[PDB]
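Since the structure comes first, as structure tokens, the remarks are kept for the end.
Positions of Cβ are generated from backbone atoms using ideal geometry, with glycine treated the same way; all protein chains shown enter the neighbour counts. Throughout, read-outs are computed from the coordinates displayed, never taken from laboratory work.
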Amino acid sequence: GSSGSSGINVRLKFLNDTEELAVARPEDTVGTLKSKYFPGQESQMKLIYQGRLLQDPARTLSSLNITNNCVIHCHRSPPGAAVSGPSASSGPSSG
């Protein structure tokens, strides 16, 4: 069995009139949250808190006044890049 519910819960609201359950901490960073829920699509998935852009991937949730039972507006931007490449393998790991 497992257990351990700690931290504040945040609701991710999208312009698509939808929402997503995401738990964030007052210490975590915006950049991490985006990659945590929106992997890769972090350059597009923009967050807005109180009319303010959380662009800063370092801006802590605590500083942004991001508390629990709160909602964060998400924004999607158009693909302004033409990057293309196969799966790359770099970074070994030996434990």
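Some observations on this one:
- Surrounding net charge for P57, when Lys and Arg each add one and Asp and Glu each subtract one, Cβ distance under 14 Å: +1
- Loop sites in the stretch 1-69: GluC sites (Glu not before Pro), DSSP, at most 11 other Cβ within 10 Å: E27
- Partner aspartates and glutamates whose Cα lies under 17 Å from the Cα of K46, excluding those fewer than 8 positions away in the same chain, are identified as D17, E19, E20, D28, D56.
- Along principal axes, Cα extents of the stretch 7-76, largest first, whole Å: 26, 22, 22
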